[PDB]
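What follows is a single chain, given as structure tokens, in the form deposited in one PDB entry.
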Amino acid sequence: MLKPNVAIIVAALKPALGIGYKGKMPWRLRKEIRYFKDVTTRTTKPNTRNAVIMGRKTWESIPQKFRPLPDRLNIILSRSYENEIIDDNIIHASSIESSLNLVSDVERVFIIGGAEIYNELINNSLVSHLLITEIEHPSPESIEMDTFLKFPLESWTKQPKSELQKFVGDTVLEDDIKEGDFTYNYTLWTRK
């Protein structure tokens, strides 16, 4: 696949944009994990699937029994990997672009984490869209976080919900979702 548009999908706690703590997510938001699954799996074209790209640490964090993530082509990046097709669902690569050369019959490509991947790939021009779940809490300072996004948001524009709706198609987008003390909303950003 030559020069696909790539989207970053992430959930972050405002205002610092914290995303993890000691290798894990700092929260358990049930509806948010379901949205992630629906967005990353759904396709419009016929015999296609989406691709999800992740760093090695993120892959290793999913229990072995639950990987690869079903119904999507999984791509795992490591600086130590040769570009190799493991099976029909798993690819090893050392660069985003080399990995895409190995794929076909993919509709959309999503970068799914983690921190290092996000922070480096945000500056790659292949990245055209950001799907950020913006989480709010009454006392964000009480949530222990060690990992944060370093995104240059002054160069991106947050779109109206109508554009997000168009991006996700059929997916139901509820507003101000509350789970425990967290309140969240889904958003779409594009480059200025």
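When you see a residue number, it is the position in the sequence shown, counting from 1. Take the two forms, find the largest set of C-alpha atoms that superpose within 1.5 Å, and that set is the rigid core. Only residues modelled in both forms are compared.
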- Note on the structure: Stretch with higher mean Cα temperature factor, 176 to 184 vs 19 to 27, is 19 to 27
- Mean B factor on CA atoms, stretches 41 to 49 and 149 to 157, record says higher is 41 to 49
- Query: Among 134, 141, 32, 163, which carries the highest Cα B-factor?
  - Reply: 141
- Note on the structure: Among 90, 103, 117, 109, the highest C-alpha B-factor in the PDB entry belongs to 103
- Task: Check where residue 59 lands among this chain's C-alpha B-factors and tell me if it's the lowest, middle or highest third.
- Result: lowest
- Quick one: classify residue 94 as lowest, middle or highest third of the chain based on its Cα B-factor. middle
- Message: Ranking the modelled residues of this chain by C-alpha B-factor as given in the entry, is residue 67 in the lowest, middle or highest third?
- Response: middle
- Item | For residue 83, the third of its chain into which the C-alpha B factor falls | middle
- Once the chain's modelled residues are ordered by C-alpha B factor and cut into thirds, is residue 2 in the lowest, middle or highest one? middle
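Heads up, the form deposited in another entry isn't pictured, but that's what we're talking about next.
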- Message: Which one moved? Candidates are 90, 121, 103, 115, criterion is a Cα shift of 2 Å or more between this form and the one not shown after superposing on the core.
- Response: 103
- Message: So if I superpose on the core and keep residues found in both forms, which blocks of at least 3 in a row have all their CA atoms moved by 2 Å or more between this form and the one not shown?
- Response: 45 to 47, 95 to 97, 99 to 105
